[PDB]
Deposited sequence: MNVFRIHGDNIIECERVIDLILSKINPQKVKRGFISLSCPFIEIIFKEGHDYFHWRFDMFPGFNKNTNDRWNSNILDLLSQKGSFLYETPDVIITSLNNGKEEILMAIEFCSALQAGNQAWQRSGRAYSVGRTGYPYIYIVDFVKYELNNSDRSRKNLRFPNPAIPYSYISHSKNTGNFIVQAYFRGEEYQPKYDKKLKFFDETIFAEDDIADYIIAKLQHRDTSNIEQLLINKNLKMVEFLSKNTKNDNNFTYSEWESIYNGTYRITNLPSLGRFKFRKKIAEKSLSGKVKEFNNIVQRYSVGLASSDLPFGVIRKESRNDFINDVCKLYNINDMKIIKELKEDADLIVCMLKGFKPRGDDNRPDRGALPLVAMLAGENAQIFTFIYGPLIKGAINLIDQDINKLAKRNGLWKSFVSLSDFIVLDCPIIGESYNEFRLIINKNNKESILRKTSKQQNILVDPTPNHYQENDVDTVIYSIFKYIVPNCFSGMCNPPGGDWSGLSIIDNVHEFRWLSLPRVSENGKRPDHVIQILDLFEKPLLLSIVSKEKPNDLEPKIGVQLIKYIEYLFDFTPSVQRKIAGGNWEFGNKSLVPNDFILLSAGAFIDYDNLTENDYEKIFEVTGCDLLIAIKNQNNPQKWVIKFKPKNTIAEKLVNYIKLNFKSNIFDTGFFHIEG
């Protein structure tokens, strides 16, 4: 038998990996249960003809920020060079010789993001990619952005072709497998959207990703599977680049010449046919920012796009660019100028970095990683920042820049990848800008060698304490596996099924005017004459359940019922189509539930007060028993309908697959 561990941000993320495996693997024997109170498992026996295999997947929901688990699995990434504070959605490990070894990192993205949102999470791919551990970025193509007021669809937005290409270039540079894989989203409707007329459906990688995962679990040669996935990532670059105006963006022939190794991104013969022209909003301008931008536009050549936040100053024009920068900011020191004038191409990245109050820009954290993925981390990068800094930030820059990098993820990104950091920033509470020219070359070189303490890691299945993650794991296990077809809902979408169709609402907002998005929505069809939709919220303590949370969960489902579902499909047939017919709330029984951990500190009066405060129809008080390890579940119904649900759960707390022996239902 081989044992694997799925370390995820939550049980849903862990189960997504199992669903990928199970989509290709048709197992002969499947057994579910818990190895510990926090760790569910799935044990499978499957065969490849005559060859039988026995695997067990132990799931570890919720990553550390020794915070939750006794040791952090993410430490194995920082030991191999992942110096950014980047957490993927899932880490699959193999248990061998009493320790864990990372097989791959997986990140799930609900939509093909566009603009600076496309590279917002590029730090994850850059940092995990330079470790040698594969990084698989799985994105749904496509999901429409909605106007949350009326759920009407906004026009499709696509990332710059350089974003999907950065994964391929990072793969080439690092010798590691870093790829962007596209899964067919329910809203992929090419018959109705003209933007998708030239999309090649061979780019979809559902079968290929499952084949790759299974081959890695089997310790098989993945070279051929990797090449198929890389080719699909390259076809996305072709789809995107052939849909953009060639005048100020790279053509597919240019990307292809870089891909096949004919030229590097900085020695392209056609480099310069468009310049690097950074767009700065008027409201953002201060100090000598506008004149610096003019100096850049005087010597720059465009890198992939004329308006991306970065470009190249070729070594042939570097001396004149440096001379102009020194004349603008009154840099006279001969030692400083000598460092700036090194004979090599210079990549100039210009970022505001900070919002009006001095708070860091989330998308900017992936800007330098994107540059490093495209042109190599060893390339000389000149980072120019012009946004407002709080007095504490400028003080740390002049005292110990690494101390600032340690507290803030954006500063971490800047200090780790810039050879020169130039600030021309307003300081909050001060009348004028502060200028800094930081020769960060030695520091960057040291950071690119920094690795955390080498140590074998075996995450103990029992955490420091049980909290929201554990409540969520228990709620998901009971309602999704123990209690007996419908998908239900979560933060990614709500599905409602009948005898012919499945209706699905995508792009769920966190809140509506009167509602709050439930953690889980459970559909029960064989209890009442109408289907039941049970909306659940999970918290660590009963007092964490906010006032009227139960009423807000129902009002959220009522909000979705006010609109035609995003998509629908015939369960018997297939293929997702756009929503045609509206659903009616009277066709369903809606109930709300609040789940939490309670160690018998709640009296009859306390339960009565929780019901009065939250308005929940059902309260699920969960408590762990240590010897023997068991989850004691106490279901407290508020009314007669919820009591019928409690009886249904108690009667159906039986399973041929799930080991119900780990639970004790008091009532």
item	value
Regions left out of the model, expressed as runs of the deposited sequence counted from 1	66-67, 487-493
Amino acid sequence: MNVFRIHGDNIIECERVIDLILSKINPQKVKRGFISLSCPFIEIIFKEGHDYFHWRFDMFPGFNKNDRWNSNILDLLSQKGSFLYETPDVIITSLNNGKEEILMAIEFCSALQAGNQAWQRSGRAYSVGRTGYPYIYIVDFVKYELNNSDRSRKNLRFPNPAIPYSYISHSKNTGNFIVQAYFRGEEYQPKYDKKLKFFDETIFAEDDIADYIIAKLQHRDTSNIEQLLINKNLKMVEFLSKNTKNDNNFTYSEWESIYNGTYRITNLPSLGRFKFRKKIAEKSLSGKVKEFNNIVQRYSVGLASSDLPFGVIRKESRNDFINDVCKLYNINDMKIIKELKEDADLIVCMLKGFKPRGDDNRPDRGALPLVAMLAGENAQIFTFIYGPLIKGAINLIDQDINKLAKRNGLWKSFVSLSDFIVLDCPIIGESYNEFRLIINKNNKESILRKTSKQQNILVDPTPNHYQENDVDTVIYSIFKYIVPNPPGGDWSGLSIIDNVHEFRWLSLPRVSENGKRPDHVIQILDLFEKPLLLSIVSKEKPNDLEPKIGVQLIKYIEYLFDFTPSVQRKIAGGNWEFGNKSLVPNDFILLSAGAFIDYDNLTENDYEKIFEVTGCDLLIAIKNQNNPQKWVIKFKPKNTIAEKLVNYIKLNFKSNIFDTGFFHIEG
From here on, numbers count along this sequence of modelled residues.
property	result
Mean Cα B-factor comparison, 203-211 or 506-514, giving the higher one as deposited	506-514
Between 586-594 and 286-294 (mean CA B-factor, as deposited), the higher	586-594
Per the PDB entry, maximal CA B factor within 299, 183, 491, 384	491
Residue, from 418, 160, 149, 257, that the PDB entry assigns the highest Cα B-factor	149
For residue 461, the third of its chain into which the C-alpha B factor falls	middle
Position of residue 363 among the chain's modelled residues by C-alpha B-factor, lowest, middle or highest third	middle
Residue 31 - which third its CA temperature factor falls in, relative to the rest of the chain	middle
For residue 442, the third of its chain into which the C-alpha B factor falls	middle
Residue 131, C-alpha B-factor rank within chain (lowest, middle or highest third)	lowest
